[PDB]
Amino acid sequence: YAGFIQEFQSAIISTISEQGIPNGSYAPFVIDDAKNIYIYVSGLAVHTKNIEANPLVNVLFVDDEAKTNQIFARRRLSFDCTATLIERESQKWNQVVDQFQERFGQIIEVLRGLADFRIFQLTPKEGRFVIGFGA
């Protein structure tokens, strides 16, 4: 399944607002040498405001529909995670953003310079991988 994660540029992230309203969105991600997952997200996003209020996040890697012949058997991996804010421009933050820039290119140069985008580490507690039919 780490093979599976490598197929993706982004993760689906499910979060909860201060008022208890669930949200689904997506965020580009990287995984470091120690196999930690990080997302890079806008301060304007509902997902980010949710995470700032409630650190619980479900991370889902699900096959594109184009890859899926039987819709009830969509290959997918999901983790229950806890988010932690990595302090802007710490050495760790710059190392992580460097990995984003390596994956995603010039937009990361712009964002890291001009925008207050957040790096969140998503630490997983439990995962589940479904190939074929699974509820």
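Numbers for residues come from their place in the sequence shown, where the first is 1.
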property	result
31 to 39 versus 54 to 62 - greater average Cα B-factor per the deposited record	31 to 39
Residue stretch of maximal mean CA temperature factor, 85 to 93 vs 22 to 30	85 to 93
Member of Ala115, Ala11, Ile16, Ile119 with the greatest C-alpha B factor (per the PDB record)	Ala115
Lowest, middle or highest third - CA B-factor, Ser78	lowest
Chain thirds of CA B-factor: placement of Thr48	lowest
Ranked C-alpha temperature factor of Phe72 among modelled chain residues, by third	middle
